[PDB]
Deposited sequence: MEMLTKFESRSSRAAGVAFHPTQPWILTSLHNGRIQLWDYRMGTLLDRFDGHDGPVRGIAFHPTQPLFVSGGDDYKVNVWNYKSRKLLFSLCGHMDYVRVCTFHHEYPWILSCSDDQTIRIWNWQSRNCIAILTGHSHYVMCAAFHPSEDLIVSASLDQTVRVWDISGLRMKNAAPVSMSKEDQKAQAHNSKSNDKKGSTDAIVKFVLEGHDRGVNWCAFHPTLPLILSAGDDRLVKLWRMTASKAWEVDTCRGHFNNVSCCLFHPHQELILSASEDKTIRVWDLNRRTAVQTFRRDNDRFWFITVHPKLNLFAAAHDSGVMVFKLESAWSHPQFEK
């Protein structure tokens, strides 16, 4: 495969990127505490947002409201209105670095996870913490809402991936369903497929693991092997039978979803990769690395 780069930002180390679902925008969150809003079709900086001290690793748009959420090493979860360009309020409660924060697609909820070993669920209408998900025994490096079921997946340096049943909160509010064992070092990332009943996880063992789930059980399908340093992030291609991963070995790797064999490696000479994301609808990807952010399309070689 070939990478067709659409946009690049040069900066100090970036930690998170988020695609706007309908505008040609990305948010980027940086190790210097600042958040950038970029139009990647024109190459223009639209705005800058300063509400944190220290790295900002969590960043996400709400799918339909004019809001975004950020999460920092200062322990804050900040909720912003990008149309009025205001910091609306801070959700306080985490006791160590915030690693990931996202919005739910239907309920008025924000998810955040932290080095304090908890996942918190917040109601952004009431501004209250509505649930604290405890049970991990080391940093919680990632968490995600399922796109169509009342489930969360989380990844921890305790070497587990947990799937949590949150149907009680929708209506005990949160109960652990699966404690997925398989990684033999800390887990840095976890992801759901948007339409198939699959989960990806990756971490310090250099492995990307693929899991399948039903309502009643889960199992490990296979492993993508090859990265030669910590894997920072992994995701499913929403529309092609492909897995993507990004690593401190300075590569983005593409793998076959059905055989887990390597398809293509993309390398940077001097930059570790920290995060990758995919647009929900478009064949558009973004990656955060030591020297900034890139937005790219993926095409078949010699197309």
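In this chain the deposited sequence has gaps in the coordinates at 172-199, 332-337, listed in sequence order.
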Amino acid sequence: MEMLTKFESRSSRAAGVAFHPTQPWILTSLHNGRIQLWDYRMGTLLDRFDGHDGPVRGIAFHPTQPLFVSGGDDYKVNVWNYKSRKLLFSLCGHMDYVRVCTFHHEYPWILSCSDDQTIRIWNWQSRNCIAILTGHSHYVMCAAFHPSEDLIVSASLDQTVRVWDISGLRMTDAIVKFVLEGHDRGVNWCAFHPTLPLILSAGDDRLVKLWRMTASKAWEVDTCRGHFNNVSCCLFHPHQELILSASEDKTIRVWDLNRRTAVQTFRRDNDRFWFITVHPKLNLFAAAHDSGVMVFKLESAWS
From here on, numbers count along this sequence of modelled residues.
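Taking only CA atoms, the mean B-factor in the PDB entry is higher for 266-274 than for the other of 266-274 and 247-255. Across the two stretches, 48-56 and 25-33, the PDB entry reports the greater mean Cα temperature factor for 48-56.
Of the candidates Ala218, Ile132, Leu200, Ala143, it is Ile132 whose Cα B-factor is highest according to the PDB record. When the CA B factors of the chain's modelled residues are split into thirds, the value for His105 lands in the highest one.
Compared with the other modelled residues of the chain, the Cα B-factor recorded for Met42 ranks in the highest third. Annotation for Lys177: C-alpha temperature factor in the middle third relative to the rest of the modelled chain, per the entry. Annotation for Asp165: CA B-factor lies in the middle third of the chain's modelled residues.
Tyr82: CA B factor in the highest third of modelled residues in this chain (values from the PDB entry).
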